[PDB]
Amino acid sequence: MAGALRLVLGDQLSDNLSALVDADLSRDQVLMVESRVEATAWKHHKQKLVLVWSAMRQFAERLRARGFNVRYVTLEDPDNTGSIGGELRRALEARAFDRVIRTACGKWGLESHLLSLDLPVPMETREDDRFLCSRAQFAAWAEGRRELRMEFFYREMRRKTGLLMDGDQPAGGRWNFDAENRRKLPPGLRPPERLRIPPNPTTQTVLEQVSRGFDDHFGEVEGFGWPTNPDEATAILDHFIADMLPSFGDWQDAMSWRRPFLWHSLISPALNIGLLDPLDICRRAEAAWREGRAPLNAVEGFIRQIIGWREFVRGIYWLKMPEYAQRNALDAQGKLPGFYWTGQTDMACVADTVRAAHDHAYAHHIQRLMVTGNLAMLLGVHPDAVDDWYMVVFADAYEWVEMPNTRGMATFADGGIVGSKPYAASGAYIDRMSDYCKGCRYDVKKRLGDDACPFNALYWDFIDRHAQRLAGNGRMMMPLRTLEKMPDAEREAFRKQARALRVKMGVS
Ligand SMILES: Cc1cc2nc3c(=O)[nH]c(=O)nc-3n(C[C@H](O)[C@H](O)[C@H](O)COP(=O)(O)OP(=O)(O)OC[C@H]3O[C@@H](n4cnc5c(N)ncnc54)[C@H](O)[C@@H]3O)c2cc1C
Ligand SMILES: Cc1nc2c(=O)[nH]c(=O)nc-2n(C[C@H](O)[C@H](O)[C@H](O)CO)c1C
Ligand code: SF4
């Protein structure tokens, strides 16, 4: 008869959050905290701080307008303890409560902490059911599988959700329409201009606080164009579905110099904090095919990324922590080159990717995978140091998605749990998929010398370094026989060049 305290964290900004469902407005209180612990665990991009705190304050006001009683603690409050647990206690001290109700969060370490808290009232923890597959459902699907393959989990999610399903058949007779026949942009095709969101009043206010109080943090705040509330988020989605979706998948893997968005949806920072719903997004993409406004190959490619990849990696994260975060399968011990932070390198592809991280707190998937992720693998950078960079630079960054993608798909530090094979590549891939190398001072045709592209000698040194480990999986066969036909004086030459590059780059 004292009511409940309902905690809401900065990535839980949904009216349908499980902790808010079943609220008694006359008795309960909602707790929302701007936490310097969370905001400095990594020194997150200036644009991530603005996004989350702008969204939080606006989410708080919408709650108040519905009759909710909201205890909102700002980062300028001088009694703010700084932490979620500290502010839980101080709130329970301020009035009587029957219990604390919360929704499981997206960081194993913080989830583990809150479950252990000694509190003077009971605490109920509810599954986050905004996701389409629960933690328990994933564990059940994975039980007894020797390896975990996304394609098979994706078929399960199509049947469970009914997306692109005509009865019990996949639409168009096939599950997947991905063709390995994709290419760079035509020279005359300029990519469209994307809708950016000018800052509303609340967002402007938080941008000034962040520019003064968090100046030591990575990235530029000028140009902030991310959506901070469901109306702004819905406008982004509308623009993607109407103008971009029909050409999605034609260009999902292309890269173009100083055009950082291309035809991608740019929804991840909003989806990851609750401003959009995964199911609603997919249903509006399906209806676009159903009504003749987009081709099926483009709509399936997009839906695959959300009910397939995004659900798959979260499942892996919760199934395999806390040990997943400690695996270093290739014994990588190198340091991270400084140009990851500064962008000061003559490799035009790396430089363009870091520039986008700095200026927009965003780069698109193939750059995260095949440029900065691939490079870190080949250089042999310690995965702890790669995780720290990815968690800093991107506006969408959370551990449950960053880890399996970075420590798994991009760098094989998990030994193939998420992907199935190292996604290693030489400069020839980047040249095929981009317009970068023509403007690069390096020569993508050469492997040795001071003008050679660093990806070429490094690729082969990586293959040579791990030839034996990679021999036992079986999807790496072409590169191994090609290494096998290499005379020894040819191998020694690239081993020497790759060694030279690691010193040059400040890795070892
Ligand atoms: C090394 C590395 C690190 C990454 N770190 C993150 C991260 O911190 N946070 C993050 O959300 N994604 C991460 N990604 C996945 C992907 O790069 C981003 O989701 C995507 O670039 C966001 O752009 P978008 O919204 O324009 O996506 P689109 O290209 O329009 O794709 C649509 C949606 O699919 C989802 N999605 C696509 N690919 C993935 C993926 N591999 N895993 C999860 N969801 C996916 C997102 O919800 C995305 O908004 C990472 C990928 C790699 C290789
Ligand atoms: C920058 C930031 N700030 C806050 C904050 O001030 N308060 C809060 O409750 N959460 C914040 N978050 C999100 C958490 O740190 C964390 O990553 C998610 O809640 C994962 O569930 C983030 C990422
Ligand atoms: S030559 Fe090498 S470093 Fe230069 S843009 Fe091409 S792949 Fe990148």
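Ligands are counted one by one from 1 in listed order, and the atoms in each one are counted from 1 as well. Along the sequence shown, residues carry numbers from 1. All heavy atoms count here, side chains included; hydrogens, waters and symmetry mates do not.
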Does [X] come within less than 4.0 Å of ligand 1, judged by its heavy atoms?
{"X": "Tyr390", "value": "yes"}
{"X": "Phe302", "value": "yes"}
{"X": "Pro278", "value": "no"}

As a test of understanding, state which of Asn328, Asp414, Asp384 forms a side chain to side chain donor-acceptor pair (under 3.5 Å) with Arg407. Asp384
Check whether [Y] forms a cation-pi arrangement with [X] (NZ or CZ under 6.0 Å from the six-membered ring centre, at most 45° off the ring normal).
{"X": "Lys48", "Y": "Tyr398", "value": "yes"}
{"X": "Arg355", "Y": "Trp257", "value": "no"}
{"X": "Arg314", "Y": "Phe138", "value": "no"}
{"X": "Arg447", "Y": "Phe494", "value": "no"}
{"X": "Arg284", "Y": "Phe240", "value": "no"}

Say whether, by atom type as modelled, one donor and one acceptor occur between the side chain of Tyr442 and the main chain of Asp450 under 3.5 angstrom. no
Among [options], closest by any non-hydrogen atom to [atom]:
{"atom": "atom 3 (N) of ligand 2", "options": "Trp53, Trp42, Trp108", "value": "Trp53"}
{"atom": "atom 17 (O) of ligand 1", "options": "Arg368, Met403, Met409", "value": "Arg368"}
{"atom": "atom 5 (C) of ligand 2", "options": "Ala397, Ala41, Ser35, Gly82", "value": "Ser35"}
{"atom": "atom 29 (O) of ligand 1", "options": "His264, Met391, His365", "value": "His264"}
{"atom": "atom 37 (C) of ligand 1", "options": "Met150, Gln305, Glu402", "value": "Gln305"}
{"atom": "atom 21 (O) of ligand 2", "options": "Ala39, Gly109, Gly106", "value": "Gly106"}

Sub-3.5 Å N/O-N/O distance, [X] and ligand 1:
{"X": "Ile267", "value": "yes"}
{"X": "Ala410", "value": "no"}
{"X": "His364", "value": "no"}

I'd like to check atom 13 (C) of ligand 2 in this structure: does the protein have a heavy atom lying under 4.0 Å from it? no
Close side-chain approach of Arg71 to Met32, heavy-atom, < 4.5 Å: no
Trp400 vs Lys107 side-chain heavy atoms within contact, under 4.5 Å: no
Among all protein heavy atoms, pick the one closest to [atom] and tell me residue, atom and distance.
{"atom": "atom 27 (O) of ligand 1", "value": "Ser265 OG, 3.8 Å"}
{"atom": "atom 9 (N) of ligand 1", "value": "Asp396 O, 3.2 Å"}
{"atom": "atom 41 (N) of ligand 1", "value": "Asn405 OD1, 3.1 Å"}
{"atom": "atom 33 (C) of ligand 1", "value": "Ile306 CG1, 3.8 Å"}
{"atom": "atom 39 (C) of ligand 1", "value": "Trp309 CB, 4.3 Å"}
{"atom": "atom 22 (C) of ligand 1", "value": "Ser268 OG, 3.1 Å"}
{"atom": "atom 12 (N) of ligand 1", "value": "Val401 CG2, 3.6 Å"}
{"atom": "atom 26 (O) of ligand 1", "value": "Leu266 N, 2.7 Å"}

Would you say CZ of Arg90 has more than 12 non-hydrogen atoms from neighbouring residues, nucleotides or ligands within 6.0 angstrom? yes
Under a 4.0 Å heavy-atom limit, does [X] contact ligand 1 with its side chain, its backbone, both, or neither?
{"X": "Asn272", "answer": "side chain"}
{"X": "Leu271", "answer": "side chain"}
{"X": "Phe261", "answer": "neither"}
{"X": "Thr406", "answer": "both"}
{"X": "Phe240", "answer": "neither"}

With backbone taken as N, CA, C and O and side chain as the heavy atoms from C-beta onward, which portion of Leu75 lies under 4.0 Å from ligand 2: side chain, backbone, both, or neither? neither
Does any N/O atom on [X] come nearer than 3.5 Å to any N/O atom on ligand 2?
{"X": "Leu110", "result": "no"}
{"X": "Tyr398", "result": "no"}
{"X": "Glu34", "result": "no"}

Tally every protein N/O/S atom whose distance to atom 6 (Fe) of ligand 3 is less than 2.8 Å; waters are neither shown nor counted. 1
Are any of the heavy atoms in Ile84 under 4.0 Å away from ligand 2? yes
For the residue pair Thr103 / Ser18, report whether a side-chain donor-acceptor contact shorter than 3.5 Å exists. yes
Using 0.5 Å steps for rounding, measure from the CG atom of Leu195 to the CD1 atom of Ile236. 4.0 Å
